[PDB]
Structures are given as structure tokens and as C-alpha cells.
């Protein structure tokens, strides 16, 4: 995926509710640093729904591609109110940005 295009998607559609940087602040949604390879609902110091806490999957490319297409479908009961990203290539670019940004 294209990381720079993914960054612009992140800023436009996600940054209102999320930061990605290490030690970044929780906002409406959790800081996302360290997301990849982690269970759902584990960002330290964020108060999640039971749904997000209990989903019981591990975040990676496959699971983020599905979630970000339709969040409430993948995690019914979620308090992330976001319609989703329809285009596969947009999700892929965003996920590539996230894979870099949330690890560095």
C-alpha cells in the first residue's frame, strides 16, 4: 500500500478521534500506537465498550481490512461511529500508513 496516501486518509477520516504516535493522547477514540499484533481493546488507559473488549481477535492486515470496511458490522455494540471506507485500495493504503505509524 501507499503510505503517504494512507496518511492523508488517516488525517481526513480518523485523526478527529485518534492519534498514532507513541505516548499519544486518547481522544474520542484510543491512541493506536502498538496496534498490530495486539488483541482488541488493549490500549492502556482507554475505557472501551464491552464489545470492543470482548471481540477477541488480533489486529493485523486482514482484520483491519474487514473492520475498516464496516466497523459496526465487525464489532456490533462498538461506540466507534464511523461509516467505514468502501474502496479496497483506500483501506490498503490506510492500513500501510497505520502499519508504519503505529510502530515507529
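Residue numbers count along the first chain shown, from 1.
*Between 65-73 and 23-31, point out the one with the higher average CA B-factor as the PDB entry records it.*
Per the PDB record, 23-31.
*Which third of the chain holds residue 40 when residues are ordered by C-alpha B factor: lowest, middle or highest?*
It belongs to the middle third of the chain when residues are ordered by C-alpha B-factor.
*Pull the Cα B-factor of residue 18 out of the PDB entry and bin it into the chain's lowest, middle or highest third.*
It belongs to the lowest third of the chain when residues are ordered by C-alpha B-factor.
_Ranked C-alpha temperature factor of residue 94 among modelled chain residues, by third_ = According to the entry, residue 94 has a C-alpha B-factor in the chain's lowest third.
*Quick one: classify residue 47 as lowest, middle or highest third of the chain based on its Cα B-factor.*
For residue 47, the deposited C-alpha B-factor lands in the highest third.
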